[PDB]
Amino acid sequence: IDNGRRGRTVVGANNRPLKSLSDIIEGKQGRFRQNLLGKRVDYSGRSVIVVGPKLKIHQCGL
Amino acid sequence: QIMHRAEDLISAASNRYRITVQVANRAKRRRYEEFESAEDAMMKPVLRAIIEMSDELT
Amino acid sequence: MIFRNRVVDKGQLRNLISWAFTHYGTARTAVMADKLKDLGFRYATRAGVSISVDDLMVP
C-alpha cells in the first residue's frame, strides 16, 4: 500500500525506494496532479520565437 | 465589416457565451446543412455563420 | 477628432488607447494600435539613435 510509510522502505533492483500503490496517485506526480489535471496532448508544436514584423497582430508566423 | 460585425455581434447580444454557442451550432448546421455546398473553403461555415448572424440576422 | 499636441511615448499612448477603447470598438483600436506602432518603428529608425560610454554623460 504505501511504501516507506512505517517500516523500512523496500528498495529492490531499482536501487531505491520502490513505488507503492500510494505515491503513484499522490504527489506532484501523483496521477492526479499530473496526468490528470495536466495531460500532455498532441496537435501541438513548439519553437523558438521571433519578432514577426510585416506580419500584423492577430496573426502568427508559422 | 465582418470584424466590426463580429464586434457588434457580441457588443449587443446575450452572454458572450450564450452567443457563441449559438453561433456555433448554427454553423454546425450551416456545415451539416448545405454540406459542402459552395466549397466554403474560404467562407468557413463558422464565418458564414457569424456574418449571417452579425449582419444578415442583424 | 481631438488633435493633441504632446510628446507621446509611454503612457501618452497607454491612456490614449483606452480612450479609444471606450469610444470605439476594440476592433478599431487594435487596428489603430497597430498602425501606430508602425509609426513608432519607422521613425525610431529614422531617427537613428545610438548610445555609448561617452553617451553616458557624467554629471
# chains A, B, ... in the order shown; residues from 1 in each chain; ligands from 1
>>> closest_atom_pairs(of="chain C", to="chain B", cutoff="9 Å", atoms="only C-alpha atoms", output="tab-separated table")
residue	atom	partner	partner_atom	distance
C:25	CA	B:7	CA	7.3
C:26	CA	B:7	CA	7.6
C:27	CA	B:4	CA	6.4
C:28	CA	B:4	CA	7.9
>>> interface_residues(of="chain A", to="chain C", cutoff="12 Å", atoms="only C-alpha atoms", output="short mmCIF file (atom, residue, chain, number, x, y, z; two decimals) with C-alpha atoms, in the first residue's frame")
data_model
loop_
_atom_site.label_atom_id
_atom_site.label_comp_id
_atom_site.auth_asym_id
_atom_site.auth_seq_id
_atom_site.Cartn_x
_atom_site.Cartn_y
_atom_site.Cartn_z
CA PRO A 53 7.33 42.39 -38.36
CA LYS A 54 5.49 42.74 -41.73
CA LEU A 55 3.07 40.14 -40.23
CA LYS A 56 0.46 42.20 -38.30
CA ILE A 57 -1.05 41.28 -34.88
CA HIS A 58 -3.79 38.60 -34.59
#
>>> residues_around(residues="residue 26 in chain B", least_positions_apart="3", cutoff="9 Å", atoms="only C-alpha atoms", output="JSON, numbers by chain")
{"B": [21, 22, 23, 29, 30, 31, 45, 46, 49, 50]}
>>> select_by_dssp(residues="chain B", states="helix (DSSP H, G or I)", output="VMD selection string")
chain B and resid 2 to 11 16 to 32 45 to 56
>>> atom_distance(atom1="CA of residue 10 in chain B", atom2="CA of residue 54 in chain B")
8.3 Å
>>> residues_around(residues="range 13-17 of chain C", least_positions_apart="4", cutoff="8 Å", atoms="only C-alpha atoms", output="MDAnalysis selection string")
chainID C and resid 8:9 21 29 33
>>> atom_distance(atom1="CA of residue 7 in chain C", atom2="CA of residue 57 in chain C")
23.4 Å
>>> atom_distance(atom1="CA of residue 49 in chain C", atom2="CA of residue 51 in chain A")
20.1 Å
>>> residues_around(residues="residue 4 in chain A", least_positions_apart="2", cutoff="10 Å", atoms="only C-alpha atoms", output="PyMOL selection string")
chain A and resi 1-2+6-11+17-20
>>> write_last_selection(atoms="N, CA and C atoms", output="CSV table (one decimal), in the first residue's frame")
chain,number,residue,atom,x,y,z
A,1,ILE,N,0.8,-1.2,0.0
A,1,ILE,CA,0.0,0.0,0.0
A,1,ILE,C,0.8,1.2,0.0
A,2,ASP,N,1.8,1.2,0.8
A,2,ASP,CA,2.4,2.5,0.9
A,2,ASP,C,3.8,2.4,1.4
A,6,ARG,N,5.8,3.1,7.1
A,6,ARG,CA,6.1,2.9,8.5
A,6,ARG,C,7.4,2.1,8.7
A,7,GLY,N,7.6,1.0,8.1
A,7,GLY,CA,8.8,0.2,8.4
A,7,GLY,C,9.7,0.5,7.3
A,8,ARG,N,10.6,-0.3,6.9
A,8,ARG,CA,11.7,0.1,6.2
A,8,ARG,C,11.6,0.1,4.8
A,9,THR,N,11.6,1.3,4.2
A,9,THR,CA,11.3,1.4,2.9
A,9,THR,C,11.9,0.3,2.1
A,10,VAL,N,11.1,-0.4,1.4
A,10,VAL,CA,11.6,-1.5,0.5
A,10,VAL,C,12.5,-0.9,-0.6
A,11,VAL,N,13.6,-1.5,-0.9
A,11,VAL,CA,14.5,-1.0,-2.0
A,11,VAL,C,14.9,-2.2,-2.9
A,17,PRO,N,13.9,3.4,-3.1
A,17,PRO,CA,12.6,3.1,-2.6
A,17,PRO,C,11.7,2.7,-3.8
A,18,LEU,N,10.9,1.7,-3.6
A,18,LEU,CA,10.0,1.2,-4.7
A,18,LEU,C,8.9,2.2,-4.7
A,19,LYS,N,7.8,1.9,-5.3
A,19,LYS,CA,6.8,2.9,-5.7
A,19,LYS,C,5.5,2.3,-5.3
A,20,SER,N,5.0,2.6,-4.1
A,20,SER,CA,3.9,1.8,-3.6
A,20,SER,C,2.7,2.2,-4.3
>>> decode(residues="range 7-29 of chain A", atoms="N, CA and C atoms", output="PDB file, in the first residue's frame")
ATOM      1  N   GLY A   7       7.552   0.973   8.120  1.00  0.00           N
ATOM      2  CA  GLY A   7       8.754   0.224   8.359  1.00  0.00           C
ATOM      3  C   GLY A   7       9.747   0.549   7.301  1.00  0.00           C
ATOM      4  N   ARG A   8      10.604  -0.341   6.938  1.00  0.00           N
ATOM      5  CA  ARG A   8      11.749   0.112   6.220  1.00  0.00           C
ATOM      6  C   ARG A   8      11.612   0.113   4.759  1.00  0.00           C
ATOM      7  N   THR A   9      11.574   1.285   4.238  1.00  0.00           N
ATOM      8  CA  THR A   9      11.268   1.384   2.867  1.00  0.00           C
ATOM      9  C   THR A   9      11.885   0.341   2.058  1.00  0.00           C
ATOM     10  N   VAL A  10      11.056  -0.449   1.370  1.00  0.00           N
ATOM     11  CA  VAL A  10      11.580  -1.511   0.466  1.00  0.00           C
ATOM     12  C   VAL A  10      12.470  -0.861  -0.597  1.00  0.00           C
ATOM     13  N   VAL A  11      13.584  -1.511  -0.949  1.00  0.00           N
ATOM     14  CA  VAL A  11      14.484  -0.994  -2.024  1.00  0.00           C
ATOM     15  C   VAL A  11      14.930  -2.192  -2.867  1.00  0.00           C
ATOM     16  N   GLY A  12      14.359  -2.357  -4.064  1.00  0.00           N
ATOM     17  CA  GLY A  12      14.677  -3.535  -4.896  1.00  0.00           C
ATOM     18  C   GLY A  12      15.752  -3.242  -5.927  1.00  0.00           C
ATOM     19  N   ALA A  13      15.752  -3.986  -7.038  1.00  0.00           N
ATOM     20  CA  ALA A  13      16.760  -3.789  -8.108  1.00  0.00           C
ATOM     21  C   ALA A  13      16.785  -2.317  -8.526  1.00  0.00           C
ATOM     22  N   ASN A  14      15.673  -1.602  -8.332  1.00  0.00           N
ATOM     23  CA  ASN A  14      15.613  -0.153  -8.662  1.00  0.00           C
ATOM     24  C   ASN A  14      16.676   0.601  -7.855  1.00  0.00           C
ATOM     25  N   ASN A  15      17.356  -0.088  -6.931  1.00  0.00           N
ATOM     26  CA  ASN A  15      18.435   0.544  -6.125  1.00  0.00           C
ATOM     27  C   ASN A  15      17.888   1.819  -5.479  1.00  0.00           C
ATOM     28  N   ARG A  16      16.606   1.809  -5.105  1.00  0.00           N
ATOM     29  CA  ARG A  16      15.973   2.998  -4.478  1.00  0.00           C
ATOM     30  C   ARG A  16      14.624   2.574  -3.893  1.00  0.00           C
ATOM     31  N   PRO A  17      13.950   3.400  -3.065  1.00  0.00           N
ATOM     32  CA  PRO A  17      12.619   3.059  -2.571  1.00  0.00           C
ATOM     33  C   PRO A  17      11.734   2.672  -3.761  1.00  0.00           C
ATOM     34  N   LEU A  18      10.870   1.670  -3.585  1.00  0.00           N
ATOM     35  CA  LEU A  18      10.014   1.237  -4.658  1.00  0.00           C
ATOM     36  C   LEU A  18       8.891   2.207  -4.693  1.00  0.00           C
ATOM     37  N   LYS A  19       7.799   1.891  -5.338  1.00  0.00           N
ATOM     38  CA  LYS A  19       6.807   2.886  -5.671  1.00  0.00           C
ATOM     39  C   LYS A  19       5.462   2.348  -5.263  1.00  0.00           C
ATOM     40  N   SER A  20       5.021   2.562  -4.066  1.00  0.00           N
ATOM     41  CA  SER A  20       3.887   1.808  -3.640  1.00  0.00           C
ATOM     42  C   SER A  20       2.699   2.219  -4.341  1.00  0.00           C
ATOM     43  N   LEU A  21       1.603   1.498  -4.082  1.00  0.00           N
ATOM     44  CA  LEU A  21       0.307   1.897  -4.685  1.00  0.00           C
ATOM     45  C   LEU A  21       0.139   3.391  -4.423  1.00  0.00           C
ATOM     46  N   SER A  22       0.065   3.781  -3.150  1.00  0.00           N
ATOM     47  CA  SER A  22       0.028   5.230  -2.832  1.00  0.00           C
ATOM     48  C   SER A  22       1.337   5.845  -3.326  1.00  0.00           C
ATOM     49  N   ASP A  23       1.316   7.106  -3.778  1.00  0.00           N
ATOM     50  CA  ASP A  23       2.518   7.825  -4.302  1.00  0.00           C
ATOM     51  C   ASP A  23       2.444   7.865  -5.832  1.00  0.00           C
ATOM     52  N   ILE A  24       1.954   6.796  -6.464  1.00  0.00           N
ATOM     53  CA  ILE A  24       1.758   6.830  -7.944  1.00  0.00           C
ATOM     54  C   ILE A  24       0.534   7.705  -8.228  1.00  0.00           C
ATOM     55  N   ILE A  25      -0.267   7.980  -7.195  1.00  0.00           N
ATOM     56  CA  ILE A  25      -1.504   8.799  -7.365  1.00  0.00           C
ATOM     57  C   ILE A  25      -1.411  10.024  -6.452  1.00  0.00           C
ATOM     58  N   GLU A  26      -0.280  10.202  -5.762  1.00  0.00           N
ATOM     59  CA  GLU A  26      -0.131  11.324  -4.896  1.00  0.00           C
ATOM     60  C   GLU A  26       0.393  12.628  -5.409  1.00  0.00           C
ATOM     61  N   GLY A  27       1.669  12.681  -5.604  1.00  0.00           N
ATOM     62  CA  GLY A  27       2.262  13.916  -5.178  1.00  0.00           C
ATOM     63  C   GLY A  27       2.199  15.020  -6.178  1.00  0.00           C
ATOM     64  N   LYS A  28       3.334  15.614  -6.409  1.00  0.00           N
ATOM     65  CA  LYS A  28       3.420  16.425  -7.580  1.00  0.00           C
ATOM     66  C   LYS A  28       3.176  15.588  -8.777  1.00  0.00           C
ATOM     67  N   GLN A  29       3.437  14.318  -8.675  1.00  0.00           N
ATOM     68  CA  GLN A  29       3.269  13.462  -9.811  1.00  0.00           C
ATOM     69  C   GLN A  29       2.296  12.382  -9.565  1.00  0.00           C
TER      70      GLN A  29
END
